[PDB]
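Just the one chain here, the form deposited in one PDB entry, laid out as structure tokens.
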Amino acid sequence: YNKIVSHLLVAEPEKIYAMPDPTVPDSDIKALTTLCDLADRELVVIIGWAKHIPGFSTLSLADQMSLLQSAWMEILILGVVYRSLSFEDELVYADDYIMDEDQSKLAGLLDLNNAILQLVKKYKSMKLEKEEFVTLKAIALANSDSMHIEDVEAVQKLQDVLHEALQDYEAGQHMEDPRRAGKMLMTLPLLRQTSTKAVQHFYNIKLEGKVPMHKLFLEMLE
């Protein structure tokens, strides 16, 4: 069994409850608040998680920040996708916050949650395993295509190392499909597309708040 995959499995953060405020009337604002508060907590643990990825900490702080800046929404989305694989037309943002179509409509997230469900659909068909999920999260971080990378070569080595882990996993676990690793890689474009739209929506409705995201990753990394 592949050691990087094993390591990523033990580095996996614990479940986080959303705790929607039971005193607040249901509304689009309440849904967005709940999601913002959930994501902020998730981002803190994502930063800690990334430090476990072999080679990530040896990048400059600027490069670590750049990768995180570019990847954070993909990592959040891949999480909700994975959590939702055993459900039907619903998204498990947390065990206590499962969004059906009516809820998504109410939150103004129909189009976005429908795209996320498209990711779910594909991964259900492919029978996405936890091992594959955690490896793809790490790959999405390393492959996030920041336009501000200092050490392009080191970031490529990190991509290489993680891709190798996925290939080695699939070679051992899935001999019935010698192309499964590539199929997994071919799911990344839809994740990127969905993230891109989610981030556009995030800025369009001003969820970023008073303090820029750049400084937030700084505080947490420094």
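Under this definition, the rigid core comprises the largest set of C-alpha atoms superposing within 1.5 Å between the forms. Throughout, we count residues from 1 along the sequence that is shown. Residues that one form lacks are left out of the comparison.
182 to 190 and 155 to 163 differ in mean CA B-factor, and the higher of the two is recorded for 155 to 163. Of the two segments examined, 5 to 13 and 200 to 208, it is 200 to 208 that shows the higher average Cα temperature factor in the deposited entry. When the C-alpha B-factors of 135, 144, 118, 104 are ranked from the entry, the top spot goes to 104. Among 128, 110, 94, 76, the highest C-alpha B-factor recorded in the PDB entry belongs to 110. Annotation for residue 80: C-alpha temperature factor in the lowest third relative to the rest of the modelled chain, per the entry. In the PDB entry, a CA B factor belonging to the middle third of its chain's modelled residues is recorded for residue 176.
Ranked against the other modelled residues of its chain, the C-alpha B-factor of residue 168 as given in the entry falls in the lowest third.
The form deposited in another entry is left out here; the points below concern that form.
Residue displacement note: residue 15 has its CA displaced by under 2 Å between the shown form and the other one (rigid core superposed).
Residue 213: CA moves 2 Å or more between the shown form and the other one after rigid-core fitting.
Three angstroms is the minimum change: in that other deposited form, the CA atoms of residue 57 and residue 217 sit farther apart than in this structure, by 3 Å or more.
Cα-Cα spacing of residue 33 to residue 217 is reduced in that other deposited form versus the present form (difference of at least 3 Å). Shifted region between the shown form and the other one (3+ consecutive residues, every CA moving 2 Å or more on the core fit): 207 to 222 alone.
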